[PDB]
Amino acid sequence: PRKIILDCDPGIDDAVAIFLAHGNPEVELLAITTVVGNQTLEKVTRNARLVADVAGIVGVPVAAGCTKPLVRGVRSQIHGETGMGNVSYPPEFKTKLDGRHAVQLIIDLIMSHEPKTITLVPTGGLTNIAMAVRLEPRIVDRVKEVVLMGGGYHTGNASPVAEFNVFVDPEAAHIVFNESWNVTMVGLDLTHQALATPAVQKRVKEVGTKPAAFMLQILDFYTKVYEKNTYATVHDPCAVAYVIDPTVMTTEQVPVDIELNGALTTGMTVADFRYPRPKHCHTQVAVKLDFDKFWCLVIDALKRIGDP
């Protein structure tokens, strides 16, 4: 399997990504690390433990990371005051909180495993990844690659041109996108295609298990968020899906940089589609989703998880 670290801020779609990464046999979750986002670090960390309980994830450290973006002030109409819809939390989690800061855990894991065996899969702001890069620069060449859900070369949500994960910590994104490692940006241009349509939702329900139920409950809290004018798009699992099977989406190799200064455009992932296209480029952007293959991967992972 491909070993991954899932760095996230759950978050309903982060939860679906955790389910996909756990249930699919082609990826091995080495850790779930959390970062401040559009819920406080405390809240998304509680949510990550909740998702890990529901999916019965054992043997995988869950470590809390950065409580604040690098430079920007902290930034919930999407995922709830909870971060996880209207779900009931247990009195007690089975999933313990690792004692390490996520940044130290990411470093420890990368430095102890063989080179080029871990893929980083960030699906929140990039603060933890950037901190780890600056605290231990040797991780950059040791990582296999980075596949992040974030950005948008021609679509914004947080602003006309910026996507939330980059927008909440542009400086951290700038750090991640300007290191020499290979980066795949699974941005809004891709993830707006990952539609949780009624048909897809019925297939989710036909699994008939506690995680499928949890998922559709949080997902129609999400669906009523996205109605108020599309179906819920489930962004973050798209990044995990690419690690499972890169043919699930097309990509294009182009330069991508992060705007830090502009009054209208801070947080933009500026992708250069001009000619000539670079024949060697460490960044690529995702373009077209294979919708059927993607939803097949998500439903297969739910079936595999069963009822822990």
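The first residue of the sequence shown is number 1, and the count goes up from there.
- Count the deposited residues lacking coordinates between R75 and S76 and you get 1 to 3 of them.
- Looking at 203 to 211 and 120 to 128 together, the entry lists the larger mean B-factor for 203 to 211, computed on C-alpha atoms.
- Averaged over CA atoms, B-factors in the entry run higher in 30 to 38 than in the other of 30 to 38 and 279 to 287.
- Sorting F177, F164, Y231, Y153 by the CA temperature factor given in the entry leaves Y231 at the top.
- Sorting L148, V143, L216, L105 by the CA temperature factor given in the entry leaves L216 at the top.
- Sort the chain's modelled residues by C-alpha temperature factor and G187 lands in the lowest third, per the entry.
- Per the PDB record, residue ranking by Cα B-factor puts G56 in the highest third of the chain.
- For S112, the recorded CA temperature factor ranks within the middle third of the chain's modelled residues.
- The PDB entry assigns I305 a C-alpha temperature factor belonging to the highest third of its chain's modelled residues.
- In the PDB entry, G99 places in the highest third of its chain by CA B-factor.
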